[PDB]
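The sequence lines fix the lettering, A, B, ..., with proteins before strands; numbering per chain opens at 1.
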Amino acid sequence: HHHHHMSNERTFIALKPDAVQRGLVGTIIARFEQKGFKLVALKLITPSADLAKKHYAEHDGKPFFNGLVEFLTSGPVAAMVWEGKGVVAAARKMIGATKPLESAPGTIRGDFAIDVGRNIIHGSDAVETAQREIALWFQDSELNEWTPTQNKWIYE
Amino acid sequence: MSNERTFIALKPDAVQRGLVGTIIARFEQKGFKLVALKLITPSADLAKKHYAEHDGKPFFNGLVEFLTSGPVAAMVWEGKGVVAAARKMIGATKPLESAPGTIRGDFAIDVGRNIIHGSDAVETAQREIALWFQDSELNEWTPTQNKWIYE
Amino acid sequence: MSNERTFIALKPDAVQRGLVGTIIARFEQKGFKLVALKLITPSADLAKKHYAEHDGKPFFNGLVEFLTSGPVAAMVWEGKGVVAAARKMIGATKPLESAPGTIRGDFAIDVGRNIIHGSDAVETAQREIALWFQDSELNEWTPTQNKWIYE
Amino acid sequence: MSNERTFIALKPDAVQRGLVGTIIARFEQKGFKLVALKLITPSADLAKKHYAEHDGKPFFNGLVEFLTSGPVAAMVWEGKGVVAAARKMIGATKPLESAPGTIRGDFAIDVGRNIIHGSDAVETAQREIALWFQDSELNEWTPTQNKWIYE
Amino acid sequence: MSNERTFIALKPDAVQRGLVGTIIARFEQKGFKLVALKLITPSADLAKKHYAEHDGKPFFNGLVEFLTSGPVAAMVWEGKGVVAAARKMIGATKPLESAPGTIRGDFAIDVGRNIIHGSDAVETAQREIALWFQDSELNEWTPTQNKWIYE
Amino acid sequence: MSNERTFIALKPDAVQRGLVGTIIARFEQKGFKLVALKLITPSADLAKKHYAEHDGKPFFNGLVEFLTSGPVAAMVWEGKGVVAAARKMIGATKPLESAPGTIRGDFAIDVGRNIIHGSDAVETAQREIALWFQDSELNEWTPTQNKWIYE
Ligand SMILES: [Mg+2]
Ligand SMILES: [Mg+2]
Ligand SMILES: [Mg+2]
């Protein structure tokens, strides 16, 4: 079933329009680089309504769905894929709590945000949703196949 | 709710250790709005009033003496949940009980040299702001970035 | 003289862009001593007095209108050569001609949005300090770190 | 003039050395506007076109081989004077001769491992942006902070 | 109690990844006093004695082989509660479960590449300091800033 | 030659002011290789040998007394052009005349509290490394990142 390393796990991260308008793109990317995660794909895109609706499909029909979609489509988003052992759960830990005010100092939302509706970043919630979100936001040709030299020091 | 305010003082240890700008930047980066700021050397009267809840406790004199001993950066921050959030950003009362990432967890060791005061509740914040600042020292302004801070 | 002082103002662009703490920290890390600090929204008359040398010039009204358009972090720094050193730390009048590492070089683009004012000479610093601060707003203190900053 | 654009590529050494976010942040903090950004592994045909002015010179093959040897963060920045400003931020051709504070000065040693490319002029930026990005990849947006960046 | 000491090693992964200065700075900024520091490539004998508690366990040979594989920054820090505080600063054994703001949480992924060792108790710290450092390598000094670190 | 080496000393002011990790990180981020490092309180004889070219000048004794007055972080860095590059990173002899971005420009004011020494030439580096380090204190290792640092 499984490959000898789960270090090829991938997650989807979006820096939402608030992150871009607040000048947080490089700061947040650097937190993932310094952790040892590998950047596989990255693009600045203004999402279409279809992409946003499909991204948020689990919330379709709920009262707050339209607001989520309207915000995500309102301006540029930095969409990316990170690879490494445990990356899905680790990125969620790095992001913090859903409510930024309850997020710990040191997390992205704890350091930089206040409101749930302006909470800077999305990360996939599980391996399966990460797989779905990566394929929704990126074609295979956009995924970069490379080998970080530093992995000798990242991975045993 | 987003007009809630809290009082922050960077105590004489913070000023002597060169932490004023570093700490202010943490509140700016979080999205809180700076309403008032000054460097002052608190009088004994101001320090006793600041710590009035502890009147007659054995540790009261030490708190007052330290706060009056040198310059303090006093300020007011505004935003949703700012009183409780500033306490979370500061950390535990005892720096060694405070987490990495908090102000006290990153920068301090001794409870008597714990860098910063933040109000403990909305009511004490209102009292402390009024104690330390005249109304004329409070700046009325609207951050352009609030479009991206607040939904 | 190690007691030289300069006046620094972080203008409304610096405040709106969240640069107050970042900039203060550069002065603290250099070893300069913070003597006074306040957040104030300048009146037109204060701005006209600050920019008195430019009254009559085609850019004067814009300077005054901009300075009064939001809060300003006004402060006084002390140390050897602080007037000229602060100007070096700030950069050129044009941010686009300012070197990386300077405040304007790292953070700004336009002359009219160039973040910070510092006095241009000892005599203008003395004037600007007295204009912006009453004597009782200046803090008298001795940083213990000076043992390691000054020979 | 404030709609000028430049092309920046963070080359395979920048990506392998973990410098992508750090360098992007230097452009964001300066006030330049990110118009487009992607991680791409340049094909031989793209790299040869990028370096076309050097076709036939002894060092051409090495430039193409290095640029195709790993991912590249390719991007477009907009703002007044951005072409020359980015060149100033990058530093000198030789990293060892680049000033502290510049990207090459802070992070690089060898000309052949020079971290970053920026367009050298408006006309070359126009060519490079069109080569590396389809028009559909360029995001049209208005930073609300521009009232504090531009006069 | 303020003269408690702990032993810290930045293991070969920390040195190869360029984290020596970044990590030392976190201990300096907290108020801990650097007593001893050296870059050493541990011998097999030293590494086996360092990990003696694990001798005869299946993972012992791997720990020893890794620690001896390249240079290590070994050091001694002094201050109140330094042993437990350094462990909190380090994080959990698993970097993936270490909180943001900790050294392992910010910088690492794998248990076998977890950057840093800190003594687990006062007694093991005393043993490790004496194992790695002769008494003549310990520096006796008084930080001026301790007026502000300690009450 | 990529194996050129220079001697760097972070003098007692650097250690007292908490700048050890910050400065080491600047050399690491540049791509230079740490060969040796130790915290030592220099003996009077070592300080006199370090400053021997000034013997018989009135300021020799002041230099010696300062260098012995607290711990010193002594180290050896390796890489192409490291002697001249470290001098550029340090800045000018007078900190007030050193550019922002340099170590002395960012952190110092007085020539007599100038934070750091770096060898002035390859020949003096060879002498200084041999004076401050025994050969067995030099670490032989190969950074895996060198394929991205060097062509
Ligand atoms: Mg008039
Ligand atoms: Mg006139
Ligand atoms: Mg060697």
Side-chain angles (χ1 to χ4, degrees), chain A residues 15-16 18-31 34 94-97 99-115 118-121, chain B residues 2 6 8 10 14 19-35 37 73 75-82 85-91 100-107 115-116 118 143-150, chain C residues 10 13-26 28 39 71 73 103 106-107 115, chain D residues 21-22 24-26 28-31 143-145 148, chain E residues 29 100-101 106:
Chain A
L15 308 188
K16 293 190 286 174
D18 50 324
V20 175
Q21 284 268 359
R22 292 178 66 202
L24 292 169
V25 173
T27 299
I28 292 168
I29 291 173
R31 294 191 179 199
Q34 78 188 3
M94 291 170 67
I95 285 166
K99 294 181 173 182
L101 287 169
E102 303 180 342
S103 201
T107 64
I108 291 162
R109 290 176 181 156
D111 291 341
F112 299 128
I114 292 170
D115 249 1
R118 297 292 182 271
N119 69 357
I120 299 174
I121 178 164
Chain B
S2 310
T6 201
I8 290 291
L10 308 187
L19 292 170
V20 174
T22 295
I23 293 170
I24 290 172
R26 291 192 182 203
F27 284 89
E28 289 176 289
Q29 78 192 13
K30 176 64 166 179
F32 289 128
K33 176 175 73 168
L34 185 62
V35 169
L37 171 62
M75 65 199 84
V76 180
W77 293 99
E78 177 175 313
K80 184 176 297 183
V82 68
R87 296 179 86 210
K88 180 184 289 286
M89 293 166 71
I90 283 169
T102 63
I103 291 161
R104 289 175 182 151
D106 291 340
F107 298 126
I115 294 175
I116 182 164
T144 306
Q145 66 168 25
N146 278 3
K147 181 170 189 173
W148 310 110
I149 305 300
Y150 291 114
Chain C
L10 310 188
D13 48 344
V15 175
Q16 284 270 5
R17 292 179 66 209
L19 293 170
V20 175
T22 292
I23 290 167
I24 289 175
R26 293 193 178 197
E28 291 173 288
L39 191 73
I103 292 160
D106 288 341
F107 299 125
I115 300 178
Chain D
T22 295
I24 290 172
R26 295 192 176 198
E28 292 175 286
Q29 75 194 188
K30 175 68 164 172
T144 58
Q145 65 171 23
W148 304 108
Chain E
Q29 75 182 4
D106 289 342

(message) To the closest 0.5 Å, what do you measure between CZ (A:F112) and CZ (A:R22)?
(response) 8.0 Å
(request) Check the angle between the aromatic planes of B:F27 and B:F32 and answer parallel, tilted or perpendicular using the 30° and 60° thresholds. (result) tilted
(request) Please tell me if the side chains of B:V76 and B:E78 come closer than 4.5 Å, counting only heavy atoms from C-beta onward. (result) no
(request) Enter the distance from B:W148:CH2 to A:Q21:CD here, rounded to the nearest 0.5 Å. (result) 4.0 Å
(request) Identify which one of B:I103, B:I90, B:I8 satisfies the side chain to side chain contact (heavy atoms under 4.5 Å, CB included) criterion when paired with B:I23. (result) B:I103
(message) Under a 3.5 Å distance rule, please check whether B:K30 uses its side chain to pair with a backbone N or O of A:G110 as donor and acceptor.
(response) yes
(request) Any chance you could measure B:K147, atom NZ, to A:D18, atom CG, to the nearest 0.5 Å? (result) 12.0 Å
(request) Could you tell me the separation between the OG1 atom of D:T22 and the CD atom of A:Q34, rounded to the nearest 0.5 Å? (result) 8.0 Å
(message) Quick check: closest heavy atoms across A:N119 and A:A113, and the distance to 0.1 Å?
(response) CA-CB, 4.3 Å
(request) Would you check if D:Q145 and B:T144 make a side-chain contact, meaning some heavy-atom pair closer than 4.5 Å? (result) no
(message) Side chains of B:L37 and B:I24, heavy atoms from C-beta outward: is any pair under 4.5 Å?
(response) yes
(message) Return the CE to CZ distance between A:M94 and A:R109, rounded to the nearest 0.5 Å.
(response) 12.5 Å
(request) Kindly compute the distance separating OG1 (B:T102) from CZ (B:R87), expressed to the nearest 0.5 Å. (result) 13.0 Å
(request) Please examine the side chains of B:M75 and C:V20, heavy atoms only from C-beta on, and report whether any two atoms are closer than 4.5 Å. (result) no
(message) If you define the side chain from C-beta out and look only at heavy atoms, does anything of A:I121 sit under 4.5 Å from A:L24?
(response) no
(request) Apply side chain to side chain contact (heavy atoms under 4.5 Å, CB included) to B:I149 and A:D115, showing your working. (result) CA-CA 7 Å; B:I149 305 300; A:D115 249 1; over 6 Å; no
(message) Are the side chains of B:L34 and B:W77 in contact, using a 4.5 Å heavy-atom criterion?
(response) yes
(request) Kindly say whether B:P100 contributes a backbone atom to a donor-acceptor pair with the side chain of B:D106 at under 3.5 angstrom? (result) no
(request) Mind listing the closest non-hydrogen atom pair of A:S103 and A:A97 along with its distance? (result) OG-N, 3.0 Å
